[PDB]
Every structure is written in C-alpha cells, then in structure tokens.
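Down below is the structure, laid out as structure tokens.
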Amino acid sequence: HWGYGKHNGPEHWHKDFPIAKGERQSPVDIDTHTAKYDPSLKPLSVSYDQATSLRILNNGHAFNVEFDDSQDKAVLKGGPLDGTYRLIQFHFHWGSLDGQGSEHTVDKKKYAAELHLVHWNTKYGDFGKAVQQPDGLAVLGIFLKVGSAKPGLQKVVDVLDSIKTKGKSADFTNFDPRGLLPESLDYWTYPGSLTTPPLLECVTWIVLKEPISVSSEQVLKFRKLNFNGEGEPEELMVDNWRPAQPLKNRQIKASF
Ligand SMILES: NS(=O)(=O)c1cc(C(=O)O)c(NCc2ccco2)cc1Cl
Ligand SMILES: [Zn+2]
Ligand SMILES: [Zn+2]
C-alpha cells in the first residue's frame with residue numbers, strides 16, 4: 001500500500017522494497033559543478049514522429065499516457081545509449097505548490113513538476129524482461145516550470161476530468177509527445193532506478209537541462225486529480241514525488 005502519505009510515503013518504501021536503499025537509486029540532486037562534460041556522448045535522437053498513443057490511465061499515484069510499443073515506432077537512441085529503446089508510456093510528478101514537485105533537482109532547485117518518458121531496450125524483447133537488466137530502460141526526464149502555457153500539453157490537461165480517480169481510464173489516441181519537448185536536447189545522464197516501487201535499478205536517466213513552461217492553470221488541473229478511487233473520500237493527487245537519493249559512487253555526465 002505504498003504511496004506518498006505520512007504512513008506510506010517514501011521513507012517507508014524500503015520495508016517492502018529494500019532496494020530503496022540500494023547503490024543506484026533515483027532521483028538524485030544534479031550538482032552542476034560536479035557533473036562533467038563528456039565529449040564521448042553521441043548525439044541524442046528522439047524519434048517520436050510515428051508515436052501512437054492509445055489510452056490515459058489514473059493508476060493511483062500518477063496518470064500514464066500509454067503508447068502502442070508492439071513495433072518500432074517512437075524510439076530514443078544515441079546519447080549514452082547502446083541500441084534502440086521503445087517508448088511505452090509517459091507520466092508526471094508534481095507538487096501541491098509551484099515550489100516543489102520535481103524528483104530530480106538541479107543544484108538543489110526543485111521544479112514545479114517533472115515529465116518522465118519511459119522507454120525499454122528492445123534487445124530484451126519485452127518490457128518485463130528488460131526490467132531484469134541493468135540497461136533495460138531509459139527515461140527521458142523534463143522539468144516543468146510555471147509561466148506561459150504549453151499548448152502541446154492542453155490535450156492532456158483537458159482529459160484529466162474524465163479520469164479523476166484511481167483505476168479510471170480514457171481513450172487517448174493521436175497525442176503527439178513531440179509537443180512536450182523543449183528547444184534544446186542538452187542533458188545530464190547517470191545510471192539509476194525507478195523512482196516508484198518496485199524501484200528497480202534498471203534505468204539510464206537522461207535529464208534535459210532546459211525546462212518547459214506550463215501555465216498555472218494547466219498545473220492546477222493536475223492538482224485536481226485524486227489518489228483515491230471513486231466514491232472514496234477525496235485525497236488530492238499532489239506531491240507524488242520521491243526526494244533526492246544518495247549519489248553513492250556515481251558520476252553524472254553532461255552532454256554540453
Ligand atoms: N518514475 S519512473 O519514470 O522511474 C517510472 C515510474 C513507473 C510507475 O509506474 O510509476 C514505471 N512503471 C513501469 C514499470 C513497472 C516496473 C518497472 O517499470 C516505470 C518508471 Cl521507469
Ligand atoms: Zn499507484
Ligand atoms: Zn516518474
């Protein structure tokens with residue numbers, strides 16, 4: 001029954017998922033003065049032109065926009081990655097106030113939200129197999145700050161009213177995730193983990209430097225979602241972020 005409350009929040013996860021205190025947990029704070037430029041990183045390739053969204057789901061901790069990954073449509077390659085990774089879903093983490101909500105931080109700065117585009121390494125054949133490997137996933141993370149609206153986000157925020165509570169889903173076809181990317185693909189990268197249980201240490205993190213801006217009204221509608229299921233007392237879905245974890249031996253590399 002893990003979650004983000006006082007009794008089931010991130011300081012409790014280790015009891016059911018002892019890897020929470022592992023050697024390569026996420027998220028982390030990105031200290032921009034310790035991260036080193038790595039000229040050996042290859043150019044990053046985000047190929048989302050043929051992405052096919054299917055559905056949007058409130059899963060009790062966030063909402064997933066899910067993609068048909070049965071073929072090689074929307075893929076992420078290059079940068080630190082070896083091979084091809086297929087997009088399977090994206091989701092966000094956000095706070096109750098604009099001063100918090102991201103998972104990664106940048107010189108301890110917290111953004112209002114953070115977008116995660118989750119991809120799995122097609123050499124392992126399916127997602128389930130990929131999450132048994134130290135290079136099975138790649139997550140593209142993008143910070144959200146509040147300012148001007150992101151037009152590319154409005155189809156997402158407008159469907160949220162139809163998936164208010166845990167377990168609800170809605171059809172969500174033809175959504176183009178290219179509409180959520182910033183201008184620059186400059187990034188930081190490090191090896192890490194899922195930020196939610198089961199916290200598997202299977203992820204190459206690629207965190208973009210440039211945030212996207214969304215409006216106060218768009219993030220306010222994120223905060224109207226519910227953690228609870230239908231007819232249950234209302235628990236607003238806010239602060240669904242894990243705080244920064246110990247970097248341990250790892251090295252954060254910059255692509256710029
Ligand atoms: N927050 S996150 O981007 O680290 C993340 C978050 C989630 C999530 O479900 O919140 C998730 N679900 C799929 C899954 C199940 C086991 C391994 O990956 C995958 C990822 Cl990578
Ligand atoms: Zn959940
Ligand atoms: Zn996430």
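Labels for the structure tokens follow display order: chains A, B, ..., residues from 1 in each chain, ligands from 1.
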inquiry  = List as number ranges by chain the protein and nucleic acid residues lying within 6 Å of ligand 2, with only C-alpha atoms and all ligand atoms counted.
reply    = A: 59-61
request  = For residue 54 in chain A, please output as a PyMOL selection string all residues within 9 Å (counting only C-alpha atoms; exclusion window: fewer than 6 positions along the same chain).
outcome  = chain A and resi 65-68+170-175
task = Would you list the contacts of range 240-250 of chain A as a ChimeraX atom specification, taking every protein, DNA or RNA residue within 7 Å and counting only C-alpha atoms, but skipping same-chain residues closer than 4 positions in sequence?
result = /A:4,10,23,25-29,61,93-95,101-104,195
query = DSSP says strand (DSSP E) for which residues of range 14-92 of chain A? Put them as number ranges by chain?
reply = A: 29-30, 36-37, 44-47, 53-58, 63-67, 75-78, 84-92
Near ligand 3, 9 Å: chain A residue rows, closest pairs, only C-alpha atoms and all ligand atoms, as JSON lines:
{"residue": "A:62", "atom": "CA", "partner": "ligand 3", "partner_atom_place_in_ligand_line": "1 (Zn)", "distance": 8.5}
{"residue": "A:90", "atom": "CA", "partner": "ligand 3", "partner_atom_place_in_ligand_line": "1 (Zn)", "distance": 7.9}
{"residue": "A:91", "atom": "CA", "partner": "ligand 3", "partner_atom_place_in_ligand_line": "1 (Zn)", "distance": 6.2}
{"residue": "A:92", "atom": "CA", "partner": "ligand 3", "partner_atom_place_in_ligand_line": "1 (Zn)", "distance": 6.0}
{"residue": "A:93", "atom": "CA", "partner": "ligand 3", "partner_atom_place_in_ligand_line": "1 (Zn)", "distance": 6.2}
{"residue": "A:103", "atom": "CA", "partner": "ligand 3", "partner_atom_place_in_ligand_line": "1 (Zn)", "distance": 8.0}
{"residue": "A:114", "atom": "CA", "partner": "ligand 3", "partner_atom_place_in_ligand_line": "1 (Zn)", "distance": 7.7}
{"residue": "A:115", "atom": "CA", "partner": "ligand 3", "partner_atom_place_in_ligand_line": "1 (Zn)", "distance": 7.0}
{"residue": "A:116", "atom": "CA", "partner": "ligand 3", "partner_atom_place_in_ligand_line": "1 (Zn)", "distance": 5.0}
{"residue": "A:117", "atom": "CA", "partner": "ligand 3", "partner_atom_place_in_ligand_line": "1 (Zn)", "distance": 8.0}
{"residue": "A:118", "atom": "CA", "partner": "ligand 3", "partner_atom_place_in_ligand_line": "1 (Zn)", "distance": 8.1}
{"residue": "A:139", "atom": "CA", "partner": "ligand 3", "partner_atom_place_in_ligand_line": "1 (Zn)", "distance": 8.3}
{"residue": "A:141", "atom": "CA", "partner": "ligand 3", "partner_atom_place_in_ligand_line": "1 (Zn)", "distance": 8.2}
{"residue": "A:194", "atom": "CA", "partner": "ligand 3", "partner_atom_place_in_ligand_line": "1 (Zn)", "distance": 7.2}
{"residue": "A:195", "atom": "CA", "partner": "ligand 3", "partner_atom_place_in_ligand_line": "1 (Zn)", "distance": 6.0}
{"residue": "A:196", "atom": "CA", "partner": "ligand 3", "partner_atom_place_in_ligand_line": "1 (Zn)", "distance": 7.0}
{"residue": "A:241", "atom": "CA", "partner": "ligand 3", "partner_atom_place_in_ligand_line": "1 (Zn)", "distance": 8.0}
Among the residues A:219, A:225, A:252, A:137, the one that comes closest to ligand 1 [using only C-alpha atoms and all ligand atoms] =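 Looking only at the distances to ligand 1, the closest residue turns out to be A:137.
With only C-alpha atoms and all ligand atoms as the atoms that count, the minimum distance from ligand 1 to the choices A:152, A:136, A:18, A:179 is reached by A:136.
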